[PDB]
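To start, the structure under review is shown below, and the notes come after it.
Taken together, the values in this text are just the output of simple stated rules run on the coordinates, not laboratory data. When we count neighbours, we look across all protein chains shown, and the Cβ atoms used for this are built from the backbone with ideal geometry, even at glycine.
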Amino acid sequence: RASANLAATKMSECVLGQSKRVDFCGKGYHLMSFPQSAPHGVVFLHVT
Amino acid sequence: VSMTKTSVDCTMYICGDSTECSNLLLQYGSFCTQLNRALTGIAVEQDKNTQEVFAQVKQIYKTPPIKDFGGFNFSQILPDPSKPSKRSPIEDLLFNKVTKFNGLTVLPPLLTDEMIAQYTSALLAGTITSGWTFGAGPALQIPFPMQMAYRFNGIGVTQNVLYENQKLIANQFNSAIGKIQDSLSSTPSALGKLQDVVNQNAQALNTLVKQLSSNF
Amino acid sequence: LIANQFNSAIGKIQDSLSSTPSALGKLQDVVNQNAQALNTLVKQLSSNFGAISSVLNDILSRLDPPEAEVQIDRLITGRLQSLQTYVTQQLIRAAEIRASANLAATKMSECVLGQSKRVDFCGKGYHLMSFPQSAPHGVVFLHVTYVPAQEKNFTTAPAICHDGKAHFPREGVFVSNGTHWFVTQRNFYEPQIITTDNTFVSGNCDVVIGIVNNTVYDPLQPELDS
Amino acid sequence: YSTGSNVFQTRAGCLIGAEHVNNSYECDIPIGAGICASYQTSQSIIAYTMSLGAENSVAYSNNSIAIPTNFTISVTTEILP
Amino acid sequence: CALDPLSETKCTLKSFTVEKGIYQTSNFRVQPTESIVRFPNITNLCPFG
Ligand SMILES: *[C@@H]1O[C@H](CO)[C@@H](O[C@@H]2O[C@H](CO)[C@@H](O)[C@H](O)[C@H]2NC(C)=O)[C@H](O)[C@H]1NC(C)=O
Ligand SMILES: *[C@@H]1O[C@H](CO)[C@@H](O)[C@H](O)[C@H]1NC(C)=O
Ligand SMILES: *[C@@H]1O[C@H](CO)[C@@H](O)[C@H](O)[C@H]1NC(C)=O
Ligand SMILES: *[C@@H]1O[C@H](CO)[C@@H](O)[C@H](O)[C@H]1NC(C)=O
Ligand SMILES: *[C@@H]1O[C@H](CO)[C@@H](O)[C@H](O)[C@H]1NC(C)=O
Ligand SMILES: *[C@@H]1O[C@H](CO)[C@@H](O)[C@H](O)[C@H]1NC(C)=O
Ligand SMILES: *[C@@H]1O[C@H](CO)[C@@H](O)[C@H](O)[C@H]1NC(C)=O
Ligand SMILES: *[C@@H]1O[C@H](CO)[C@@H](O)[C@H](O)[C@H]1NC(C)=O
């Protein structure tokens, strides 16, 4: 649930926006994020 | 995001068809009411986790029929109509890579894999066509090169870079997605976190089952 | 208008809280969980745990210590298991409440004490302010958020080509209503004539795809002629 | 309840007592596996597939932009323990 | 409790007024219809025949 709150924050700040938190969404200056449904989880393609 | 939405009842697990065991468990009080309540709370928590993660979008969005995104390829991440389930090729391989009846019942997730894929596709379509605006109110269509230029502007790199290098950045992003495809398909340790979660849950359930084979 | 909208929003919050019993759902659920845990812990005192009776005073008045101690030990083991379970549940729930409290502290820190650019962190929309409101065993935030309402569809181009040199918008979006091209801030339709002040030149025209021919106003010549 | 009373079958299980509805409604009582039940009109419980939302086809184009002309300063109440 | 599922819900929640939702009141168990016993052919058959 901590990881799920982290994932919800990650979509909220990177899929639904652009996050300036360094190294929060991928190593580098973060650009986008594409959610990808995975079995019992989620996968982010952090375009950085 | 969501562990296996399981639920376990004492009255079948600890005691089989036998009633004497049920009577003796009754004198123990409400341990099992507590356990069922805790596991039901965990299950509802899993459903709430899935809804909080994926359902940030209120209106399910549909990708445009024509993918004229200025050069970017999202065929790997967008749903594939050819497959019966509208899951992306990357999502398809992710599902492929990831791999007990004693009162242990696995409650189905409230959001089925198809609707979770629908949430994911809605989020993808909103990101592609609208960007950040769909998460802050109405979805506002914007060409993908324009919103990528805005992401550059967000990270302190002027819009010069993208519009001058649209084709190059397009190809770099495309090859990056292709390399994600290849590194996921070839390397089996890519989905380590999900595989570990599934393995941990499965071995916890297996240990619980084998505990019925312990003399104590 | 914005003051009136803010006041009406607060009034609607008041009315919604009054009308909807489940408005304070999170706090009521926390209180109910704690009360259920305490009630279950109390009820376990009524459970035999295999002992002859669930009240210590009766067995202590009924059985001499040699054989009383086995029943008291049954009750001790049962009540200690129940108390250990209750304390473990309270520790996990208190970890959850501490995560919630760190979340509340962070929300206060860059929403009440600042403006958070984290999207959807403090209210659905571009967060403006947050007003803490003490509530029983918790906190309530009134996340004043800017949510745009009435969108208008326009024709856009990545750039503007004047004199063969691409002009990008310094801050905003290039839009047009048809035969008239305007630069507009991203989150509110305020069309402005294109000027070198809000457009910075960048490279040559042919490099970018989607560029459109147009004119960009430059303020110097009206002064030069006069 | 006795069997045969508006029996409807889904992946979650055999739902008895509520008639299936082809129309999609917002989830009120989550049955599981995508089925949600609500009390709607004379009055009976209806089990339906989830409506994730109104399917909005964003009119994307390589030259289409939407810029809002008005806002709503909406106070959102977030309750935190 | 046994009258209808609503009363089973009241007994489970221990409240006469139950809020809208889904409550795991009990578990459905299919009883065995009959008993079958199977054993091999009688190897040491007494030669009564
Ligand atoms: C923008 O929206 C606001 C409200 O969201 C509009 O204000 C309304 O205006 C009408 C007529 O002018 C009044 O009858 C309403 O009482 C107003 N509502 C509120 C809450 O004040 C406003 O007209 C819209 N347009 C502009 C240009 O501001
Ligand atoms: C983009 O996706 C694939 C990936 O390379 C590419 O081969 C395809 O031609 C592109 N799609 C379209 C519609 O051009
Ligand atoms: C949205 O943009 C399209 C452009 O094809 C236009 O026809 C339509 O009228 C716009 N929507 C509104 C509400 O004006
Ligand atoms: C577009 O904006 C210009 C700006 O003055 C205005 O004159 C014109 O009437 C508007 N509408 C059209 C269709 O050009
Ligand atoms: C936009 O796409 C259409 C076809 O989808 C094409 O004819 C047109 O040239 C494109 N224009 C720009 C600016 O990309
Ligand atoms: C702008 O004008 C030049 C002048 O020759 C022309 O070649 C070019 O095609 C024009 N641009 C557009 C987008 O029509
Ligand atoms: C739903 O559609 C199916 C399609 O065959 C039909 O058989 C069924 O009667 C419909 N149900 C209702 C309630 O309309
Ligand atoms: C009669 O004889 C046969 C021999 O073929 C034997 O198998 C059978 O058991 C005999 N019947 C009885 C009642 O013993």
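Data for the structure
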{"quantity": "B:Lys210 in a helix (DSSP H, G or I) and within 11 Å of chain A (Cβ to nearest Cβ)", "calculated": "no"}
{"quantity": "In segment D:34-60, the residues that are within 8 Å of chain B (Cβ to nearest Cβ), over 10 Å from the mean Cα position of the chain (by Cα) and surrounded by 18 or more Cβ atoms within 10 Å (Cβ to Cβ)", "calculated": "D:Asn56, D:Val58, D:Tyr60"}
{"quantity": "Close pairs (7 angstrom Cβ cut-off, 6 or more residues apart or separate chains): at negative phi and within 14 Å of chain B (Cβ to nearest Cβ) in segment D:2-22, away from ligand 6 (no atom under 16 Å from the Cβ) and not β-branched (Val, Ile, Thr) anywhere", "calculated": "D:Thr10/D:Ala33; D:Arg11/B:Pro108; D:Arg11/D:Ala33; D:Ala12/B:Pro108; D:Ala12/D:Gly32; D:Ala12/D:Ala33; D:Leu15/D:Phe8; D:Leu15/D:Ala47"}
{"quantity": "Given (1) over 25 Å from C:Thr77 (Cα atoms); (2) over 21 Å from the mean Cα position of the chain (by Cα), index of the condition C:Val55 fails", "calculated": "(1)"}
{"quantity": "Selection status of B:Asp92, more than 7 Å from every other protein chain (Cβ to nearest Cβ), part of a loop (DSSP other than H, G, I, E, B) and charged (D, E, K, R)", "calculated": "no"}
{"quantity": "Output for segment C:106-130, where each listed residue is hydrophobic (A, V, I, L, M, F, W, C) and either closer than 24 Å to D:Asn70 by Cβ or surrounded by 14 or more Cβ atoms within 10 Å (Cβ to Cβ) (or both)", "calculated": "C:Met108, C:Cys111, C:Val112, C:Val119, C:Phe121, C:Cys122, C:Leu128, C:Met129"}
{"quantity": "Residues (loosely packed, with under 14 Cβ neighbours inside 10 Å, touching a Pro at 6+ places or on another chain (Cβ under 9 Å) and closer than 26 Å to D:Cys36 by Cα) located in segment B:74-112", "calculated": "B:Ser85"}
{"quantity": "Test: residue in segment C:145-155 that is in contact with a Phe, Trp or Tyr (Cβ under 6 Å, 6 or more places away or on another chain) and either within 16 Å of ligand 7 (Cβ to nearest atom) or more than 7 Å from chain D (Cβ to nearest Cβ) (or both)", "calculated": "no"}
{"quantity": "Top-ranked residue of segment D:61-70 - restricted to ones that are away from ligand 4 (no atom under 16 Å from the Cβ) and buried (at least 20 other Cβ atoms within 10 Å of the Cβ), ranked as nearest to C:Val144 (Cα to Cα)", "calculated": "D:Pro68"}
{"quantity": "Residue, nearest to ligand 3 (Cβ to nearest atom), within segment D:19-33, restricted to residues that are under 9 Å from the mean Cα position of the chain (by Cα) and either basic (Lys, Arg) or assigned to a strand (DSSP E or B) (or both)", "calculated": "D:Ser24"}
{"quantity": "Matching residues in segment C:158-177 - criterion: being within 16 Å of ligand 6 (Cβ to nearest atom), farther than 22 Å from B:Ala139 by Cβ and more than 8 Å from every other protein chain (Cβ to nearest Cβ)", "calculated": "C:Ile160, C:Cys161, C:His162, C:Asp163, C:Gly164, C:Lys165, C:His167"}
{"quantity": "Wholly enclosed helices (runs of 4 or more DSSP H) of segment C:10-112 bearing at least 1 residues within 12 Å of chain B (Cβ to nearest Cβ)", "calculated": "C:25-43, C:65-107"}
